[PDB]
Each structure stands twice: as structure tokens, then as C-alpha cells.
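Structure, as C-alpha cells:
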Ligand SMILES: Nc1ncnc2c1ncn2[C@@H]1O[C@H](COP(=O)(O)OP(=O)(O)O)[C@@H](O)[C@H]1O
Ligand SMILES: [Mg+2]
């Protein structure tokens, strides 16, 4: 297989639909053969192909005050720093040091901790408001040991350090050097998009390469999709087809055809 | 003294609503405020306040106009992401309260059984209204779908084989609604449908199954939310076409 | 698990139920009315002259006929709720309306219109009740 | 108007609220900042009667800035104003 | 600009963080290493008023490296800096 056409064909056939073979080709093209395509359940009667930026996760700001945009109710943060605590954060003292180190650096701050409650939060809010420092506190990525594993992912990609007993760190003892950075950070009411991570090639090319190696030994439909969902975020080139239909029954099948079309494409690239 | 409005994180968000409406400030224990350190500067102000054994009304809130709007467009730019219809009804009464516009029809009836249906009719009426505002209004009594026929007709002229047959299927189907309406009224489905499809000067021409007279459906006030019509047909044709592709069925062997 | 009954088949069934209950009840109506004996699970039975009490004990074996028995029971109780008396009278009036009406439906009458007329008729009737009320 | 008269070594300090901001300019929430460990003495008292009856004067002058372990020492208000009755032990140092 | 004035034999030490590594080169995690028991005195105070009016000067000069039982002695910050107000008892030795 060596081009957009060859792929559009394979997919059009496997799905027995030109349209489906088109989107699969479009996406596949603008994400490279090593890319990642995903099939989701749109809400409109129409199916849509959409691309994603960087590492994102369905978790947004713990409080609106963090907004950077009024109308959008979002929070963009150019070249922000990224703190990454594994445990909860409600005790202010532990924070203050980094909060200053950064406040003085006059750069946006994204705090990704298991949670941010009490005066710890209050300080962030208040200071955000009084133009002291531009922050945004986003709850833990996942849930359970799963997030503890994703925090190392968010780490890897951004180039920071998991503030947990493992890595051997302690909140107060933070640094403007122990965390990650980006190029932007969009945070809506319920979703975060850490655009342009700084983390390094090797650290991710092994954080994602280790999630794949364990995946080959997971036959659980649940654990199967969870490790492929992680292996997703950990990439920029991410396409997403949101399949639409008038009825559940029709949708479930339409959706299925796309999935078959992909499997075909994959196999096509592999053996020809 | 009166207990906060809602529960969970909604009475918290509502307190803010109340704030922006009165202009005061929320003594948010997680924003970093102490009740002791409160000031008249951070108090809500209003023209009047009524408190009944179980109700609280805040009249003439002195709130800042931008605060209310920003409090409002926050619910709006958020509803466009809410699914569970129940959550969309919660994030609605807020935006209603905030827009000082909440109407309430209290349906009465002599019996539970009658009431339960009477009540239901209202609810349907509303859903209709809502849809009417969204996508528009079209002539009722199935008339609008009958007018769709000529379109399918034109399409057929451009179609061949079984595909054209397919189109024809829709063509016929389109008459069902009109027919059944008339039929249940005590009239001849085919007959009425013919007279309607006959006068092709004004598409608003239809049968008033209630009076038994052909009229201008729109002028007669017999209209339907274009949204429902489009939906009904798209849904019908979605499952319908699927069935025609059945060639096998795997069911449970009878008990 | 379901059964779909239409037209007269359906109405007759319902009507049977309605009458089943109504006729057990009407036996009490008025000063010369007599008592119904309701069997109780353990003790001696209940010997009443009360409409709703009897009506509530009636349960028919046939699904459709039972549905009718229920609808009539509702007439009885809702009346007991709103006034505490006159349950028998409401039952009778219901039976009457159901037969004379079901007849007209069989004759081809539009039930919707029949309803409107019944409603209007009742209004006029109620108004006259008030009109004759003495404090 | 009334005057406070501490006893055996007890001083009477009037706490000082910390600045609204910090050294970084970080406006702290009224939930984050705790009770100050500072205050000015408004009334020193008789010195402490040692074991040989010798009243050693309080090393603190009536009006200095004092540093004490904020946790100890009784607190009271008088004519619309609250102060803290600390002992010498509680007094850790003075700010010059 | 503010200066600390310790009292009854109280000194004012400024902790010293232990090296990043150990005598072997093992970089310890900042969760393993505890609060230093070391620091330099930045302000000695009046000695301790003995039983017969005699104020014994503190055996520590204003600027020595002291070894103390890290657990005791109040701690406070001033103008962006935290120190420890220890007594003479808490002072165990001095490093020369
Ligand atoms: N002596 C009487 N002569 C005529 N009607 C009577 C007499 N006594 C009672 N009634 C009437 O009998 C009717 C209903 O009686 P009752 O058995 O108590 O039924 P219900 O449960 O409907 O109240 C009423 O219309 C009442 O006025
Ligand atoms: Mg196939």
C-alpha cells in the first residue's frame, strides 16, 4: 500500500461503502500509517472526522475562576509549567514554594494533582484573580492505579516529575526544574488538552512502548481498550471518526463497518 | 435565615447565581473567606424579599448586569455539552430563575387517570413548541409529507433499477400519515389523499380531518413542527430499510 | 406476554368488568339497601353497606374484565377521597354512563364528541346542583 | 476606658495581622494564613518572683514587637478589642 | 531591615540542609532526609538570669555552627526567611 487511493479502496470494500472508505483514507493520510484512528458515537445524524492536538483527558478545571476566556469558558495558558502531584493537595504550605518560584517567573501554571481542595485551591483561585499568577487545577487524569500510571505518562510527555513517594519527591521540595512545560493548555469545563509537551522522545517512546507490550497479553475487552486509550493520548497524530445515524440499531452496524474497514487497512499496511 | 437552594455542587453554583443577582459575594469556604471577616461591602442587596413557610423570593436584586449575563452564558456554553435530559432540566431552571422568567402550569382533573393524560398532553404540546421554534413549522395533517412526494417523483426520474423502486417505496409511504389521519376520522384515505395531491397551486392545501373540509392547513392553524416530521420519517426509514435487508434471523428456539 | 384486543371485543370485556363491580356495589344503595359480605384472610368477614369498601375487594380473573373492574373502583375511591360519602352513587352513575355510552359507540358515534357532550352536560348538571344548594 | 494589669511575668500583646500578600506578591486567602506570632506589648507586669524572692524584670519593654509561639497564652477582649496574655516563657524574642 | 532580639538565653539559628548526596555519593530522596540538626546562630540573647541575679552568657557566639535536638524549639519566618528559636538546653554542641 503506498498512497491515499490504495487505502481508500481497501476500506471502501471492507466496509462496502465509499464514504466510509473516504474518511478512513482522509484520516489515515493526515495521521500517517503509524497514526491512530478511533471510532466514536457522534450525536448528530451525520458522521464527522476530527483530528486532535496533543495529550488530552476528560477532566477540566476544578473551579471556573481559572478561565482565560469568558465566552469560551476555557483556560488557555501559553508556555505553562506543569506540576504533577500523585496525592491530593489541600495543605497550602507544601505549595507556596513552587507557587512563588513560578509566580515570579510570570508564566502560566497547570496543576495536575489527584485533587486540589481547601485553602490550597482557594489560594490558586484568589491569586489567579489578583493577577498574581495564572493557574488552573485539573483533577487526576484517570482513576485508581490507572491514573498513577497516567501521571507518569503526562509526566513523560511534558518532561516533568511525578510528585509521589516513588520518584522520591515531596511537594514543598519542588523546583522550577522538576516539572513539565508545554506550548499551550486548553481546559474546558470537563476536558484538558496539554498542547505541545516538552517531555522527551525516549521517555515517551518507552512509556507508550511499554503500554503496548503489556497489551499483547491482555485479552480482557476492558483492559484491552484501557491500554489502547492510554497509548492514544500519548501521541499527537490522533484522528477520530464520530459515526452518526438515526437509530441505535443502524448506528451500531454503521459503527461496526468503520471498525472493520480499519482492521482491514491495518492488515493492508502490514502484509500488503 | 433560610437554607441554601439546591444540594451538592449545584447549591454552590446557585449561591453564586444568587450572588451575581443581588451583587453580594459568596462566603465560599473554599475560596478563602471567613464569616468573621465579612464586610457590608461583600453583601447582597435587593429591593424586596418574601419568605413563606417554605418559599423564598428575591425581588429587585441589585446585582451587576454583567455578573448575571456571565453567570447565564456559563450555563448556556455548558448545556451544549450536557446529555442526560435531567441534567439539562437542572441547568435550565437556573438559567430560568436568572432570566426572571419561570412559568408553571398546574394541571387539574377530576381523577388520577384523566389527570395523568391531561398532564401528558401539555408536556407533548411543549415539546412541540420547543421543536417548532428550533426548526420551524410546516402544514399539518400529513400534508407536508404528501408535498414531499413530488420531490421523490422528480428524484425517481433520475433513478434506475431497484434503486428507483426504493424511491417509489418512500413515495407510497409518504401517504400513510395523511391516510390514517383521515381514516381514523371516518374517511377514505386514498380519496382524500388524491384531492390533496390534486390541487397543486398552494402546497398549504390539505384536509381538516376534524371538520371534514379541505382548507389551507397553515391558515386553518393545522401546523406541525418541521422538526418532528423530518425526524419521524428519518427514523422510520432507518429501521424500515434495515428490515428489507433481512435474509436470516437467529432467535431463541420456542419454549 | 401481551395480548392485543380491539374494537367491540375490547369494550365489551371492559364493560363486563365495570358491571361485575357495579352490581356487587349497587346492592347497598339507599335506605333499603342491603349488606355485602367481604371475606377476610383470617378473622370473621366484613359486613358492610359501603361502596368503596366492597368495590376495593373485587378482583376479576380475566385480565381485560379486571381492567374495567379497576377503572370503576377508581371512580369509587376518588369520590371517597374527595367527600368520604356517596361512593355507591358514583359507581351507579359510572355504570349508567358506560352502558348508554358504549351502546352509542357501537351505533357508530364518535367517542371524542361523546366525551365533549358528557363534559358539557355535567357542567350544566353541577351548576344546577349548586343552584339548589341550601347552606 | 480601662487599663490592663498583668501579673507575675505576664505581658499583654496585641497581635499583628500579616500582610495581605507575601514576598512573592501572592495574595493569600483568609483560610491559608493562620494566627500571627507577632504583636506589640501593651502592658508588662511585675517581674517573676524567683526562689529567693527576687523579681527579675521582664526583658521586654512596654511597646516592643514580640515573637511568641502563637499557640500558647490566654486571649481576651476589653472595650471592643482583643489581646493575648502571654508569659515570659511564651516570649521567644523581639523584633528590632 | 528588621533584626531579631532573642531573650533568656534563647539563640536564633538558621538550619543547614544536608548535602544532596551522602559520604558514598548516594543521592537521597527529599522524603528520606529529615530536618537538619545544624545551623548558624544569627542572634544570641541575654544570658539566663541565674538564682542570684547573675546572667550567664551563652556559650555560643553570634555566628557559630550549632548542633541541636532538631525536634525542639519554636520556628518562625521573617521578611522571607525562617529560623529556629532554641534555648540553651536544646544546644548540644558546636562544630569547629
Ligand atoms: N329515607 C330515604 N328516602 C330516599 N332516599 C334516601 C333515604 N335515605 C337515604 N337516601 C338516599 O340514598 C342515597 C345513597 O345512600 P347510601 O346507601 O348511603 O349510598 P352512598 O354510598 O352513595 O352514600 C342518597 O341519595 C340518600 O339521600
Ligand atoms: Mg468484510
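Protein chains in written order, with the authors' numbering: chain E, 138 to 409; chain D, 274 to 528; chain C, 3 to 137; chain S, 5 to 100; chain T, 5 to 100. Beta carbons are placed, not taken as given, at the ideal position from N, Cα and C, and that holds for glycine.
What is the residue span of the alpha helix (DSSP H) that residue i lies within?
i	result
residue 82 of chain C	65–85
residue 416 of chain D	416–429
residue 395 of chain E	385–408
residue 158 of chain E	155–166
residue 12 of chain T	That residue, residue 12 of chain T, is in no alpha helix (DSSP H); it is neither H nor E in DSSP.
residue 508 of chain D	499–516
residue 90 of chain C	89–108
residue 29 of chain S	Run containing residue 29 of chain S: none; DSSP gives neither H nor E here.
residue 238 of chain E	229–240
residue 323 of chain D	Here residue 323 of chain D belongs to no alpha helix (DSSP H); instead the beta strand (DSSP E) covers 319–324.
residue 285 of chain D	281–295
Determine the chain S residues that contact residue i at a beta-carbon separation under 7 Å, and present them in chain order.
i	result
residue 8 of chain T	97, 99
residue 55 of chain T	54, 55, 56
residue 269 of chain E	29, 30, 31
Against residue i, what residues of chain E qualify as contacts under a CB-to-CB distance less than 9 Å, listed in chain order?
i	result
residue 515 of chain D	384, 386, 387, 390
Using beta-carbon positions only, say whether residue i and residue j come within less than 7 Å of one another.
i	j	result
residue 20 of chain C	residue 100 of chain C	yes
residue 379 of chain E	residue 179 of chain E	yes
residue 62 of chain S	residue 48 of chain S	yes
residue 204 of chain E	residue 405 of chain E	no
residue 97 of chain S	residue 5 of chain T	no
residue 416 of chain E	residue 157 of chain E	Residue 416 of chain E lies beyond the residue range present for chain E, which begins at 138 and ends at 409; the question has no answer from this structure.
residue 335 of chain E	residue 296 of chain E	yes
residue 161 of chain T	residue 60 of chain T	Shown here, chain T extends from 5 to 100; a query on residue 161 of chain T therefore has no answer.
residue 308 of chain E	residue 299 of chain E	no
residue 364 of chain E	residue 348 of chain E	yes
residue 241 of chain E	residue 28 of chain S	yes
residue 93 of chain C	residue 24 of chain C	yes
residue 137 of chain T	residue 77 of chain T	Since the displayed chain T opens at 5 and closes at 100, residue 137 of chain T lies outside it and no answer follows.
residue 507 of chain D	residue 383 of chain E	yes
residue 464 of chain D	residue 452 of chain D	no
residue 497 of chain D	residue 411 of chain D	yes
residue 72 of chain T	residue 41 of chain T	yes
Among the residues of its own chain, which have a CB less than 6 Å from the CB of residue i, if the five just before and after it don't count?
i	result
residue 229 of chain E	256, 257, 260
residue 91 of chain S	13, 14
residue 432 of chain D	440
residue 331 of chain E	191, 192, 319, 322
residue 41 of chain C	47
residue 284 of chain D	277, 278
Note down, in chain order, every chain S residue with its Cβ under 9 Å from the Cβ of residue i.
i	result
residue 246 of chain E	Within chain S, no residue comes near residue 246 of chain E; the closest Cβ sits about 12 Å away, beyond 9 Å.
residue 62 of chain T	Within chain S, no residue comes near residue 62 of chain T; the closest Cβ sits about 13 Å away, beyond 9 Å.
residue 89 of chain T	71, 73, 96, 97
Quick one: list the residues of chain D neighbouring residue i, beta-carbon separation under 9 Å, in chain order.
i	result
residue 76 of chain C	384, 385, 386
In the DSSP assignment, find the unbroken beta strand (DSSP E) run with residue i in it and report its ends.
i	result
residue 44 of chain T	42–45
residue 87 of chain S	86–90
Kindly list the residues whose CB is nearer than 8 Å to the CB of residue i, restricted to its own chain and excluding five residues on each side of it in sequence; keep chain order.
i	result
residue 5 of chain C	65
residue 17 of chain C	70, 100, 101, 104
residue 175 of chain E	369, 375, 376, 377, 378
Mind pulling the chain S residues with CB within less than 8 Å of residue i?
i	result
residue 256 of chain E	33, 35, 36
residue 14 of chain T	96, 97
I'd like the list of long-range same chain contacts for residue i, defined as Cβ closer than 7 Å, with 5 residues on each side in sequence excluded.
i	result
residue 275 of chain D	324, 329
residue 18 of chain T	43, 44, 46, 87
residue 11 of chain T	49, 50
residue 361 of chain D	352, 355
Starting from residue i, find everything on chain D with Cβ-Cβ shorter than 8 Å and list it in chain order.
i	result
residue 182 of chain E	507
residue 80 of chain C	383, 384, 385
Cβ closer than 7 Å: which chain D residues qualify as neighbours of residue i?
i	result
residue 259 of chain E	303, 304, 305
residue 262 of chain E	304
For residue i, which residues in chain E fall below 8 Å Cβ to Cβ?
i	result
residue 343 of chain D	207
Contact list for the stretch 276–309 of chain E against chain T, Cβ threshold 9 Å: 302, 304, 305, 306, 307, 309
Interface residues of the stretch 18–37 of chain S facing chain D [CB-CB below 7 Å]: 33, 34, 35, 36
Where the stretch 64–80 of chain S meets chain T: residues whose CB sits under 7 Å from a CB there: 71, 73
Residues, ordered as in the chain, of the stretch 214–241 of chain E that lie near chain S by beta-carbon distance below 8 Å: 229, 233, 236, 237, 240, 241
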